[PDB]
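Q: I'd like to ask some things about the structure below.
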There are 2 protein chains.
Amino acid sequence: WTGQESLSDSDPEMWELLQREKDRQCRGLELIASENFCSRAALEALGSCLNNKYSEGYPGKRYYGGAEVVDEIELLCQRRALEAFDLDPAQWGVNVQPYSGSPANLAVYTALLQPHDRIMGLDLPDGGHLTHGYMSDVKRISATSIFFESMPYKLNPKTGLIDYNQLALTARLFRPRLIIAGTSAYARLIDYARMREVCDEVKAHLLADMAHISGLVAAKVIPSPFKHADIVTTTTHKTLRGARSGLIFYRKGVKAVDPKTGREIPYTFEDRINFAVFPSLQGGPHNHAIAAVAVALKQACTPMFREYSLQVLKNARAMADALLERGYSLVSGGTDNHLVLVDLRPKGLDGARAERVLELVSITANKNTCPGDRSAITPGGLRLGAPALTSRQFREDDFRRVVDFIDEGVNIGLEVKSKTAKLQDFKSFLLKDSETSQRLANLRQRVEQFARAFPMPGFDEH
Amino acid sequence: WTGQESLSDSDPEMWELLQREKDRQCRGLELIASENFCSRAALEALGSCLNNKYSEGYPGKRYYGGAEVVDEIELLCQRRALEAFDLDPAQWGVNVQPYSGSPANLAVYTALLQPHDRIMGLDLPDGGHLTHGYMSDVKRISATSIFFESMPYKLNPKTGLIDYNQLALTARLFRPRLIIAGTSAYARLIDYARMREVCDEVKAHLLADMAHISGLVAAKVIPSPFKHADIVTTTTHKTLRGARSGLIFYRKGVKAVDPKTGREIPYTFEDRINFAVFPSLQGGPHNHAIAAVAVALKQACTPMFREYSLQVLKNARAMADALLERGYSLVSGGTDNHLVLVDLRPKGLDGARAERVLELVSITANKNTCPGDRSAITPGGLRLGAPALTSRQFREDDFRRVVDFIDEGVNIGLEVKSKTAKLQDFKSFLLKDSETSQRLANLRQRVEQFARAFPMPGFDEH
């Protein structure tokens with residue numbers, strides 16, 4: 001044994017599984033708004049010998065040696081991160097060690113809050129992320145709500161927008177020290193200028209969690225949260241098209257000096273952010289991930305990536321219009337980012353039913369809940385994203401053919417619901433009725449045949 | 001742009017960094033006890049298109065589709081995990097989603113304890129891990145000590161062994177809800193049975209955190225904590241030789257019968273552990289890491305890996321013996337596992353001076369605290385580990401050579417100490433004194449020539 005044998009040679013069972021998953025990604029239409037297809041170059045870094053290096057601490061402030069190179073890689077990732085979001089290294093710093101998106105948020109709270117301090121985030125069913133806070137009426141679900149005290153701010157259920165008015169009202173009473181502006185399932189821009197006002201008033205911290213849209217921000221395709229927020233957190237995947245990791249951006253330097261004499265009240269985020277990440281929460285950095293992120297961050301700095309980003313927007317808008325053209329309704333009234341929220345209720349269908357059907361013809365999205373709604377089993381919509389297919393060089397005509405394939409899916413789904421009862425029947429119906437089965441099998445071929453033709457980032461076979 | 005370009009073509013700055021680190025790994029004598037060299041087969045899974053797949057949730061219990069293959073992989077990783085540690089699936093369950101070793105522990109605490117519940121672990125200067133709790137006299141440093149209430153137990157400084165009698169005495173008073181058995185810097189086997197009795201008496205859960213020793217446990221070359229612990233966490237790197245990830249093992253099935261009616265008292269770990277990992281703490285799994293882990297786990301079941309782990313024990317003991325023969329002192333006098341703890345105080349040089357000299361001749365170790373140490377800047381010891389070099393097919397005689405080199409570096413460090421005052425004059429002198437830099441360059445070149453000839457797991461260039 002050398003540890004240099006190939007995966008296909010030494011673990012064929014696993015190689016088989018990787019090829020299956022690579023086939024599945026190539027042959028399907030990928031509309032889960034959070035997913036993307038990562039470049040071979042980033043993957044090459046991800047599976048590198050950097051996995052072997054323990055480097056607890058930070059560059060030039062490690063606890064043991066051998067860190068000559070990983071130090072330069074960590075700093076390179078920092079600079080590339082600041083460049084990708086056009087930030088002055090004098091006004092902003094960045095931590096690149098968070099293992100994923102969720103860990104990046106937990107470290108922000110730990111750095112800046114005391115246990116049981118108050119947090120406000122967009123409610124889960126209103127398109128928030130779990131890490132922003134969630135309690136059922138019987139259980140604290142998100143650790144954010146075990147260790148801190150969260151209260152959701154809510155969506156105006158008529159405009160599908162963030163009820164900025166209530167939020168200011170709800171917040172002057174609840175008194176959060178932290179408000180989170182960012183989302184999972186929201187199709188419009190966030191008004192960070194107003195968030196910052198509600199925050200400057202209740203004297204809360206403004207945290208932008210830009211996971212879903214971070215690539216749009218780097219490409220300057222939509223407005224930057226860094227204008228208003230003191231802190232920004234993000235996945236490095238999703239629209240950023242990186243490897244799975246996380247980042248924490250914080251304001252550094254002098255904040256203001258209007259009260260105490262004239263002493264430029266420095267921002268105090270940097271030290272607390274970095275200390276919370278390590279030593280408080282995490283262990284050894286994942287240097288292979290840090291390098292892969294640095295590769296993805298470099299790509300995001302280029303003209304090529306802005307072009308990708310615009311195409312993302314175009315393909316979302318084109319996806320919206322394509323749907324509004326067959327009468328579908330869009331909570332929000334369309335989109336202004338990488339995704340569209342489709343209210344399937346007016347067309348007499350739900351988010352759950354659509355998904356199982358779409359998935360069976362190699363189309364993948366996620367059911368989600370819509371304003372109002374009811375049973376969390378049968379949610380009200382489908383979340384649909386561009387970024388993935390856009391990275392396969394998809395174009396508006398291509399997406400319109402996607403909507404057409406989707407529409408034949410819903411139409412199978414609408415037709416399937418008339419002949420069945422509950423969600424258990426509606427799913428067995430899909431796999432059981434030889435007429436609906438045979439119709440699914442064919443619609444699959446058309447979808448697979450059409451998807452395979454496009455290019456796919458990454459390695460060839462895995 | 002296809003995202004199919006190679007790293008060396010598309011990011012030469014990063015490619016050059018990878019090559020420098022690869023050269024550093026190939027030419028160094030790597031003795032950091034937490035390090036290993038990951039197999040190419042696992043690394044190929046790590047840098048695969050599994051990075052693209054969002055699969056929030058668990059096999060079959062997902063929140064959206066497209067998980068056909070990812071479900072099989074995670075289920076396969078679970079099986080290989082139970083099998084690597086010879087665990088009855090009726091008696092043991094495993095969660096394979098923790099992003100790393102530290103997340104795995106925080107998930108166990110949140111699963112089983114309420115905020116501010118009490119935890120005891122081995123004191124950090126005594127060789128415990130940060131995630132087991134740590135507070136200075138003025139600051140809560142570990143997140144474990146922020147969200148929970150930690151109190152350490154200690155070594156007997158006379159024997160360098162865990163003082164099980166004082167743990168017992170002290171747990172009866174503190175009444176921990178959870179006691180942690182596991183170490184970062186301990187050369188001896190832990191008395192899990194004794195810990196089990198202490199936990200049974202005070203009604204605490206026993207958590208075995210076997211991160212450092214898990215490879216030895218898998219190979220059955222040392223006793224298994226699964227015989228006595230309720231919960232077992234581990235890293236998947238270190239002696240397991242995998243990519244960086246984590247595991248939580250938990251007992252399941254019938255715990256005991258009711259003294260009165262059969263009743264049946266079941267274990268309640270499975271649901272709480274899995275719920276804490278997700279939705280409470282983490283986001284989407286890192287499926288590329290999960291697959292890489294599955295690869296490392298299968299390797300760990302082979303006769304090859306048992307042989308390797310036996311050699312790790314022999315090599316650590318060879319290193320211990322050769323250190324003793326040269327007049328070094330070892331904390332607790334020797335070793336029964338993969339590492340040895342050197343006490344350099346009797347030879348007149350501290351672990352900080354020694355680590356920096358060793359680093360400049362391409363021998364990487366880490367300074368660490370010895371029983372009765374009073375300075376955090378000048379700890380009196382060095383932790384040395386055998387696993388990384390054993391994976392390069394070092395044998396007992398090679399470790400004897402390694403000790404020869406170490407001894408040379410120590411002697412150099414002694415001389416420089418006699419010509420300098422403070423720690424920072426020592427480190428400067430190593431770089432700026434002509435005769436000293438010469439001595440070091442000669443030793444470094446001999447170390448690197450010796451090291452370069454052994455094989456190296458991984459890819460050829462990065």
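Following the order of the structure tokens, first chain is A, next is B, and so on, with residues numbered from 1 inside each chain and ligands from 1 in the order they appear.
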Would you list the contacts of residue A:416 as an mmCIF file with N, CA, C and O atoms, in the first residue's frame, taking every protein, DNA or RNA residue within 8 Å and counting only C-alpha atoms, but skipping same-chain residues closer than 6 positions in sequence?

A:
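The result, written out as around-v9.cif:
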data_model
loop_
_atom_site.group_PDB
_atom_site.id
_atom_site.type_symbol
_atom_site.label_atom_id
_atom_site.label_comp_id
_atom_site.auth_asym_id
_atom_site.auth_seq_id
_atom_site.Cartn_x
_atom_site.Cartn_y
_atom_site.Cartn_z
ATOM 1 N N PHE A 426 -50.560 10.585 -4.417
ATOM 2 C CA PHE A 426 -50.040 11.395 -5.509
ATOM 3 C C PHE A 426 -48.614 11.010 -5.883
ATOM 4 O O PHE A 426 -48.188 11.265 -7.015
ATOM 5 N N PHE A 429 -48.935 7.210 -7.171
ATOM 6 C CA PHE A 429 -49.525 7.354 -8.500
ATOM 7 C C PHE A 429 -48.447 7.585 -9.554
ATOM 8 O O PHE A 429 -48.489 6.995 -10.641
ATOM 9 N N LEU A 430 -47.465 8.434 -9.241
ATOM 10 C CA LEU A 430 -46.417 8.758 -10.204
ATOM 11 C C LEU A 430 -45.661 7.517 -10.645
ATOM 12 O O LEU A 430 -45.240 7.417 -11.801
ATOM 13 N N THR A 436 -49.543 7.006 -16.428
ATOM 14 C CA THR A 436 -48.753 8.129 -15.931
ATOM 15 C C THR A 436 -47.269 7.780 -15.894
ATOM 16 O O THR A 436 -46.419 8.637 -16.158
#

Q: For residue A:64, work out the shell of residues within 8 Å, counting only C-alpha atoms and skipping chain neighbours fewer than 4 positions away, then give it as a ChimeraX atom specification.

A: /A:55 /B:355,364-367

Q: Please provide as a PyMOL selection string all residues within 12 Å of residue A:215, with the sequence filter that same-chain residues fewer than 5 positions apart are discarded (counting only C-alpha atoms).

A: chain A and resi 34+36+81+84-85+210+220-224+234-242+296-302+305-310+312-313+337-338+387

Q: Would you mind exporting N, CA, C and O atoms of the selected residues as a compact mmCIF listing (two decimals), in the first residue's frame?

A:
# COMPACT_ATOMS: atom_id res chain seq x y z
N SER A 34 -29.91 27.01 -4.74
CA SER A 34 -28.71 27.12 -3.92
C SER A 34 -27.52 26.41 -4.54
O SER A 34 -26.38 26.63 -4.09
N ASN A 36 -24.82 24.86 -7.58
CA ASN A 36 -24.00 25.36 -8.67
C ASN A 36 -23.03 24.26 -9.06
O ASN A 36 -22.95 23.21 -8.42
N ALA A 81 -10.61 37.63 -1.48
CA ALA A 81 -11.96 37.88 -0.98
C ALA A 81 -12.27 39.37 -0.96
O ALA A 81 -13.36 39.79 -1.36
N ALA A 84 -12.71 40.55 -4.58
CA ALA A 84 -13.93 40.11 -5.25
C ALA A 84 -15.16 40.93 -4.85
O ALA A 84 -16.17 40.91 -5.57
N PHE A 85 -15.10 41.65 -3.73
CA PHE A 85 -16.21 42.49 -3.30
C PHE A 85 -15.79 43.96 -3.22
O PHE A 85 -16.42 44.74 -2.50
N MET A 210 -25.35 37.11 2.91
CA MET A 210 -25.57 37.19 1.48
C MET A 210 -25.37 35.86 0.75
O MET A 210 -25.20 35.86 -0.47
N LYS A 220 -21.15 42.89 -9.23
CA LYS A 220 -21.84 44.18 -9.24
C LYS A 220 -23.06 44.13 -10.16
O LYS A 220 -23.38 45.09 -10.86
N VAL A 221 -23.76 43.00 -10.14
CA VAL A 221 -24.99 42.88 -10.90
C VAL A 221 -26.19 43.37 -10.09
O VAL A 221 -27.20 43.78 -10.67
N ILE A 222 -26.10 43.35 -8.76
CA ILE A 222 -27.10 43.95 -7.88
C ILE A 222 -26.36 44.79 -6.84
O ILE A 222 -25.13 44.71 -6.73
N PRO A 223 -27.07 45.60 -6.06
CA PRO A 223 -26.40 46.47 -5.08
C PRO A 223 -25.73 45.66 -3.98
O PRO A 223 -26.16 44.56 -3.63
N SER A 224 -24.64 46.23 -3.41
CA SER A 224 -23.77 45.59 -2.43
C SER A 224 -24.29 45.81 -1.01
O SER A 224 -24.52 46.96 -0.61
N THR A 234 -21.24 34.73 4.28
CA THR A 234 -21.67 34.10 3.05
C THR A 234 -21.16 32.67 3.00
O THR A 234 -20.11 32.35 3.56
N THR A 235 -21.92 31.82 2.33
CA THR A 235 -21.35 30.62 1.75
C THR A 235 -20.34 31.04 0.68
O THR A 235 -20.38 32.16 0.16
N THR A 236 -19.39 30.15 0.37
CA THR A 236 -18.53 30.35 -0.79
C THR A 236 -19.02 29.58 -2.01
O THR A 236 -18.47 29.77 -3.11
N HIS A 237 -20.00 28.71 -1.82
CA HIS A 237 -20.68 28.06 -2.93
C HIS A 237 -21.92 28.87 -3.33
O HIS A 237 -21.96 30.09 -3.14
N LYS A 238 -22.93 28.20 -3.89
CA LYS A 238 -24.13 28.91 -4.38
C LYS A 238 -23.74 29.75 -5.57
O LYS A 238 -23.01 29.28 -6.44
N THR A 239 -24.20 31.00 -5.64
CA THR A 239 -23.90 31.80 -6.83
C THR A 239 -22.43 32.16 -6.94
O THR A 239 -21.97 32.60 -7.98
N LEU A 240 -21.69 32.00 -5.84
CA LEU A 240 -20.26 32.26 -5.91
C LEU A 240 -19.52 31.13 -6.61
O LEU A 240 -18.35 31.30 -6.97
N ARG A 241 -20.16 29.98 -6.77
CA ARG A 241 -19.63 28.87 -7.57
C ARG A 241 -18.32 28.32 -7.01
O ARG A 241 -17.52 27.71 -7.73
N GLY A 242 -18.10 28.48 -5.71
CA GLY A 242 -16.91 27.97 -5.07
C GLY A 242 -17.10 26.57 -4.52
O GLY A 242 -18.09 25.89 -4.79
N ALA A 296 -11.87 30.02 -6.50
CA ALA A 296 -13.18 30.51 -6.91
C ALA A 296 -13.26 32.03 -6.80
O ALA A 296 -13.91 32.67 -7.64
N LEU A 297 -12.62 32.62 -5.79
CA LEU A 297 -12.66 34.07 -5.63
C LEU A 297 -11.94 34.77 -6.77
O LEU A 297 -12.38 35.83 -7.22
N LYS A 298 -10.81 34.21 -7.23
CA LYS A 298 -10.11 34.79 -8.37
C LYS A 298 -11.02 34.81 -9.60
O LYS A 298 -11.17 35.84 -10.25
N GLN A 299 -11.66 33.67 -9.89
CA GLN A 299 -12.57 33.60 -11.03
C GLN A 299 -13.66 34.65 -10.93
O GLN A 299 -14.07 35.24 -11.94
N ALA A 300 -14.16 34.90 -9.72
CA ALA A 300 -15.26 35.84 -9.52
C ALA A 300 -14.85 37.28 -9.76
O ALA A 300 -15.71 38.13 -9.98
N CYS A 301 -13.55 37.58 -9.72
CA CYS A 301 -13.00 38.89 -10.03
C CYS A 301 -12.95 39.19 -11.53
O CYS A 301 -12.55 40.30 -11.90
N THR A 302 -13.33 38.26 -12.39
CA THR A 302 -12.99 38.46 -13.79
C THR A 302 -14.18 38.95 -14.60
O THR A 302 -15.34 38.74 -14.23
N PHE A 305 -16.83 36.42 -15.11
CA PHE A 305 -17.81 36.11 -14.07
C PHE A 305 -18.96 37.10 -14.06
O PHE A 305 -20.12 36.70 -13.89
N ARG A 306 -18.66 38.39 -14.25
CA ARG A 306 -19.73 39.37 -14.44
C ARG A 306 -20.67 38.96 -15.58
O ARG A 306 -21.89 39.11 -15.47
N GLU A 307 -20.11 38.46 -16.67
CA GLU A 307 -20.93 37.99 -17.79
C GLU A 307 -21.80 36.82 -17.38
O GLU A 307 -23.01 36.79 -17.68
N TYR A 308 -21.21 35.82 -16.70
CA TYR A 308 -22.00 34.76 -16.08
C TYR A 308 -23.12 35.34 -15.22
O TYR A 308 -24.27 34.88 -15.30
N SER A 309 -22.81 36.35 -14.39
CA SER A 309 -23.78 36.89 -13.43
C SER A 309 -24.96 37.55 -14.13
O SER A 309 -26.12 37.33 -13.76
N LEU A 310 -24.67 38.40 -15.12
CA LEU A 310 -25.73 38.98 -15.94
C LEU A 310 -26.58 37.90 -16.58
O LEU A 310 -27.82 37.95 -16.54
N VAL A 312 -27.08 35.02 -15.44
CA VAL A 312 -27.90 34.48 -14.36
C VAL A 312 -29.17 35.30 -14.21
O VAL A 312 -30.29 34.76 -14.23
N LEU A 313 -29.02 36.61 -14.04
CA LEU A 313 -30.17 37.51 -13.94
C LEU A 313 -31.10 37.35 -15.14
O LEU A 313 -32.30 37.11 -14.98
N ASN A 337 -33.24 38.74 -8.97
CA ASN A 337 -32.02 38.01 -8.66
C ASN A 337 -32.01 36.68 -9.39
O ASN A 337 -32.58 36.54 -10.47
N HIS A 338 -31.36 35.69 -8.80
CA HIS A 338 -31.05 34.44 -9.46
C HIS A 338 -32.18 33.43 -9.40
O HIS A 338 -32.04 32.32 -9.92
N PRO A 387 -28.59 29.82 -11.34
CA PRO A 387 -27.12 29.73 -11.41
C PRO A 387 -26.59 28.44 -11.99
O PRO A 387 -25.67 28.48 -12.82

Q: Calculated over only C-alpha atoms, which of the candidates B:446, B:272, B:263, B:374 has the smallest distance to chain A?

A: B:272

Q: Any idea what's packed within 12 Å of residue A:65, counting only C-alpha atoms, ignoring anything in its chain fewer than 2 positions away? Could you give it as a CSV table (one decimal) with C-alpha atoms, in the first residue's frame?

A:
chain,number,residue,atom,x,y,z
A,53,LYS,CA,-1.7,20.5,7.1
A,54,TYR,CA,-2.9,21.4,10.7
A,55,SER,CA,-2.6,25.1,11.2
A,56,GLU,CA,-4.6,26.1,14.2
A,57,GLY,CA,-4.5,29.9,14.6
A,58,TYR,CA,-4.0,32.6,12.0
A,59,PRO,CA,-1.2,33.6,9.6
A,60,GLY,CA,1.9,34.6,11.4
A,61,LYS,CA,0.1,33.9,14.7
A,62,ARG,CA,0.1,30.0,14.7
A,63,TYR,CA,0.8,27.7,17.7
A,67,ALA,CA,3.0,27.0,8.2
A,68,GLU,CA,5.1,28.9,5.7
A,69,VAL,CA,2.9,28.0,2.7
A,70,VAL,CA,-0.5,27.7,4.3
A,71,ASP,CA,0.1,31.2,5.7
B,24,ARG,CA,7.5,21.0,2.1
B,28,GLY,CA,10.1,17.5,6.1
B,30,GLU,CA,6.5,15.6,10.0
B,31,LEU,CA,6.1,14.8,13.7
B,32,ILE,CA,2.9,16.8,14.7
B,352,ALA,CA,9.3,27.1,22.2
B,353,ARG,CA,13.0,27.4,21.5
B,354,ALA,CA,13.2,23.7,20.5
B,355,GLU,CA,10.2,23.9,18.2
B,356,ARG,CA,11.6,26.8,16.3
B,357,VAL,CA,15.0,25.3,15.9
B,358,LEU,CA,13.4,22.0,14.8
B,359,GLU,CA,11.2,23.9,12.3
B,360,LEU,CA,14.2,25.6,10.7
B,361,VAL,CA,15.8,22.2,9.9
B,362,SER,CA,12.5,20.8,8.5
B,363,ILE,CA,11.4,18.9,11.6
B,364,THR,CA,7.8,20.0,12.6
B,365,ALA,CA,6.6,19.2,16.1
B,366,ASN,CA,4.7,21.4,18.6
B,367,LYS,CA,5.7,22.9,21.9

Q: Name the residues of stretch 270-455 of chain A that come out as strand (DSSP E) in a backbone DSSP run; write them as a list in words.

A: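 Filtering stretch 270-455 of chain A down to strand (DSSP E) leaves residues 329, 330, 339, 340, 341, 342, 343, 363, 364, 366, 367, 368, 381, 382, 383, 384 and 385 of chain A.
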
Q: If you take only C-alpha atoms and a cut-off of 12 Å, which residues of stretch 208-267 of chain B touch stretch 112-120 of chain B, and what are their nearest atom pairs and distances in Å to one decimal, in chain and number order, as a tab-separated table?

A:
residue	atom	partner	partner_atom	distance
B:230	CA	B:112	CA	11.3
B:231	CA	B:112	CA	10.3
B:250	CA	B:112	CA	11.4
B:267	CA	B:112	CA	12.0

Q: Can you tell me which residues surround residue B:453 at a distance of at most 10 Å, considering only C-alpha atoms, apart from same-chain residues fewer than 3 positions away, and format the answer as a PyMOL selection string?

A: chain B and resi 26-27+392+448-450+456

Q: Can you tell me which residues surround residue B:82 at a distance of at most 8 Å, considering only C-alpha atoms, apart from same-chain residues fewer than 4 positions away, and format the answer as number ranges by chain?

A: B: 78, 86-89, 92-94

Q: Pull N, CA and C atoms from the residues just selected and write them as a compact mmCIF listing (two decimals), in the first residue's frame.

A:
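Produced file selection05.txt, reproduced below:
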# COMPACT_ATOMS: atom_id res chain seq x y z
N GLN B 78 -22.03 5.40 6.60
CA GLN B 78 -22.50 4.91 7.89
C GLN B 78 -22.11 3.45 8.10
N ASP B 86 -16.25 -2.15 14.31
CA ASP B 86 -16.76 -3.47 14.71
C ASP B 86 -17.98 -3.33 15.62
N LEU B 87 -18.96 -2.56 15.16
CA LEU B 87 -20.10 -2.15 15.97
C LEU B 87 -21.37 -2.80 15.44
N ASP B 88 -22.15 -3.35 16.35
CA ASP B 88 -23.44 -3.92 16.00
C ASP B 88 -24.43 -2.82 15.63
N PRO B 89 -24.97 -2.80 14.41
CA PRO B 89 -25.89 -1.72 14.03
C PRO B 89 -27.16 -1.68 14.86
N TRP B 92 -25.53 0.39 17.88
CA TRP B 92 -24.79 1.62 17.62
C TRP B 92 -25.30 2.29 16.36
N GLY B 93 -25.45 3.60 16.43
CA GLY B 93 -25.74 4.39 15.25
C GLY B 93 -24.61 5.38 15.03
N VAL B 94 -24.52 5.98 13.84
CA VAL B 94 -23.46 6.92 13.52
C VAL B 94 -24.00 8.03 12.64

Q: I want to know what sits within 10 Å of residue B:321, based on only C-alpha atoms, with residues of the same chain fewer than 2 positions away left out; could you give that as a VMD selection string?

A: chain B and resid 315 to 319 323 to 326 328 330 333 to 335 400 403

Q: For each of A:290, A:199, A:342, A:179, take the minimum atom-to-atom distance to chain B, counting only C-alpha atoms, then give the residue where this is smallest.

A: A:290

Q: Nearest to residue A:407: which of A:17, A:208, A:349, A:213 is it, counting only C-alpha atoms?

A: A:349

Q: Find, counting only C-alpha atoms, the residue in A:25, A:368, A:143, A:15 that gets nearest to residue B:42.

A: A:15

Q: Suppose you want the space between atom CA of residue A:369 and atom CA of residue A:139; what is it in Å?

A: 19.8 Å

Q: Based on the backbone DSSP call, show me all residues of stretch 244-397 of chain A assigned helix (DSSP H, G or I), as an MDAnalysis selection string.

A: chainID A and resid 269:281 287:300 303:325 351:360 387:391 396:397

Q: Atom CA of residue B:39 and atom CA of residue A:40, how far apart in Å?

A: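 One can read the atom CA of residue A:40 to atom CA of residue B:39 distance as 19.7 Å.
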